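*Asks:* here is the sequence, then the experimental structure:
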Amino acid sequence: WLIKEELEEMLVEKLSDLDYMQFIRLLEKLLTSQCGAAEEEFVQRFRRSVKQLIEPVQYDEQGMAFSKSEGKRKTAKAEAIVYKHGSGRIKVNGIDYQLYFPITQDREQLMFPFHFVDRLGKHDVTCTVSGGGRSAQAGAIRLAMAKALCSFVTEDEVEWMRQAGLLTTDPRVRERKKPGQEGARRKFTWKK
Amino acid sequence: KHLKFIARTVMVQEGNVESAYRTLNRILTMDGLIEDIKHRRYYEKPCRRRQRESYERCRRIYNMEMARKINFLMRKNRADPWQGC
C-alpha cells in the first residue's frame, strides 16, 4: 500500500493515523471481495511495487573474449578484466596475486567469487587497483572480479552471488571524527 | 444429642480422599459454615456486624447489576457491520 503521506498528497488533504487505517482496511476488504479487473484497476492506484547488470563481452585484438568491470571499497578502486577462458592466473598491477597480496586473507578474498561459482582455474584475470589499505584493496578487487565474472556465469549463478553478497557494494565506510569526541563515537573520557 | 456421622459426612469414592475432602469443604463453604467459624473466632461488635452486612448487600447488588449490564451490552461487540463509515 501507499504510505499515509503518499495518500495525503494524493488527496491534497490532511488525514490522521486512524483515517489512514480506516482507508487501508476498506481497501483490504475490497481486495478480499474477489475484486475483478474493473476494481483491481482502481485498487492498483493505491498499490506500490517493491538484478545485476550483465556487462557486454568484449573482444581483444586476438579475438579472445573478456568482460571488464569495476568496483570500489573504502578508498580503494579496482578495475578487473576477466577472460572467458583462462588458467586461473590473476595478475594484479602487473604482479602475481600471491606476490602482491602477501596475506592469505586477501588471497581468500580474491578466491571467494570464483570459488563460489566453482570457476577457479577457468578464468584469467587482470586487476588494476589503486588507493586505500590492503584490506580495502582486497575488497575492491573482489567486488570487481565478481562483477566481471557475472557476465560469464549464468543468470541463476549471478543471482546466487548477489544473494551471497559478492555483488553487493559495501556501504560500510569510515565514519568521520566528530568535534569534541576522540572518535566517530568515542566520547572523551568523561571528566568529573 | 443428634445421631453421629449423619451430619457433614461424605463417603469417599474409590478412596480419592482428596476429592472427597474437596467436596466436603465445598459443601461447608456453600452452607457458610466456614464463614461462621472464622467470623466467630473473634467477636464482631453489633455495630460492625450491621455495617459489614449493609456493605456486603450493597456490593452484591452492585456486582449483580454490573454483571447484568455487561452481559446485556456484550452482544454489541460483534464486528462492525458498517465498516468504512
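*Replies:* Looks like it came in fine. Numbering: from 1, shown residues only, chains lettered A, B, ... in the order given.
*Asks:* what does chain A put close to chain B?
*Replies:* Listed as neighbours of chain B in chain A under the rule CB under 8 Å from any CB of the partner chain: A:22, A:25, A:26, A:29. From N, CA and C alone the C-beta is placed, and that goes for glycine too.
*Asks:* list just the nearest of these to chain B.
*Replies:* The shortest separation between chain B and any of the residues of chain A next to chain B is 4.1 Å, and it belongs to residue A:26 (by CB to the nearest CB).
*Asks:* got a list of what the closest one touches?
*Replies:* For residue A:26, the contacting residues are B:83, B:84, by CB atoms under 8 Å, 6 or more residues apart in numbering or on different chains.
*Asks:* which SSE is it in?
*Replies:* Using DSSP states H and E, residue A:26 maps to helix A:17-32.
*Asks:* how far off centre is that helix?
*Replies:* How far helix A:17-32 lies from its chain's middle: 36 Å, per CA atoms, centre = their mean, to the nearest Å.
*Asks:* the inter-axis angle of the following helix or strand past that helix versus helix A:17-32?
*Replies:* From helix A:17-32 onward toward the C-terminus, using DSSP H and E, the following helix or strand is helix A:37-44. In terms of direction (axes from the mean of the first three to the mean of the last three CA atoms, to 10 degrees), helix A:37-44 departs from helix A:17-32 by 150 degrees.
*Asks:* need the CA coordinates for helix A:37-44. PDB is fine.
*Replies:* Extracted C-alpha coordinates of helix A:37-44, given in PDB (Å, rounded to 0.1, in the frame of the first residue of the first chain):
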ATOM      1  CA  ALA A  37     -10.300  -6.200 -13.300                       C
ATOM      2  CA  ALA A  38     -12.700  -3.200 -13.200                       C
ATOM      3  CA  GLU A  39     -12.000  -3.000  -9.500                       C
ATOM      4  CA  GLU A  40      -8.300  -4.100  -9.400                       C
ATOM      5  CA  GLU A  41      -7.600  -1.300 -11.800                       C
ATOM      6  CA  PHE A  42      -8.900   1.200  -9.200                       C
ATOM      7  CA  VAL A  43      -7.100  -0.500  -6.400                       C
ATOM      8  CA  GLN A  44      -3.700  -0.500  -8.100                       C
END
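*Asks:* skip ahead from the host helix or strand of residue A:77 and say which helix or strand is next.
*Replies:* Using DSSP H and E, residue A:77 sits within strand A:76-83. Under the assignment DSSP H and E, the closest C-terminal helix or strand after strand A:76-83 is strand A:90-92.
*Asks:* contacting residues around that next one?
*Replies:* A:96, A:97, A:100, A:101, A:110, A:124, A:125, A:126, A:127, A:128, A:129, A:141.
*Asks:* ok, now how distant is the spatially closest residue to the second one that is not a sequence neighbour from residue A:78?
*Replies:* The reference is to residue A:97. For residue A:97, ignoring the flanking residues on the chain, the nearest one in space by CB to CB, 6 or more residues apart in numbering or on different chains is residue A:90 at 4.1 Å. Per CB to CB, to the nearest Å, residue A:90 is found 12 Å from residue A:78.
*Asks:* between the two, who's got more neighbours?
*Replies:* For residue A:90 versus residue A:78, neighbours defined as other CB atoms under 10 Å in any protein chain shown are more numerous around residue A:78 (28 against 25).
*Asks:* isn't residue A:178 right up against residue A:184?
*Replies:* Yes - taking contact to mean CB atoms under 8 Å, the distance of 6.4 Å between residue A:178 and residue A:184 places them in contact.
*Asks:* so what sits against both of residue A:90 and residue A:78?
*Replies:* Once CB under 8 Å, 6+ apart is applied, the residues that residue A:90 and residue A:78 both contact turn out to be residue A:127.
*Asks:* so residue A:72 sits in a helix?
*Replies:* No - counting by DSSP: H, G, I helix; E, B strand; the rest coil, one finds residue A:72 to be strand, located in no helix.
*Asks:* wait, it touches residue A:140, no?
*Replies:* Yes - Residue A:72 is within contact range of residue A:140, at 5.7 Å (criterion: CB under 8 Å).
*Asks:* hey, where'd the helices end up in chain A?
*Replies:* For chain A, the helices defined by DSSP state H cover A:4-10, A:17-32, A:37-44, A:97-100, A:104-116, A:134-150, A:155-164.
*Asks:* one step back: and the helix holding residue A:26, C-alpha only, in CSV?
*Replies:* Extracted C-alpha coordinates of helix A:17-32, given in CSV (Å, rounded to 0.1, in the frame of the first residue of the first chain):
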residue,chain,number,x,y,z
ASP,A,17,-3.5,7.8,11.5
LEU,A,18,-6.9,6.4,12.2
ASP,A,19,-8.2,7.8,9.0
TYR,A,20,-5.4,6.1,7.1
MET,A,21,-6.1,2.8,8.9
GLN,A,22,-9.8,3.0,8.0
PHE,A,23,-9.0,3.7,4.4
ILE,A,24,-6.4,0.9,4.2
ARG,A,25,-8.8,-1.6,5.9
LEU,A,26,-11.5,-0.7,3.5
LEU,A,27,-9.1,-1.2,0.6
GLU,A,28,-8.1,-4.6,2.0
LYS,A,29,-11.7,-5.7,2.2
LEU,A,30,-12.0,-4.6,-1.4
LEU,A,31,-9.2,-6.9,-2.3
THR,A,32,-10.6,-9.8,-0.4
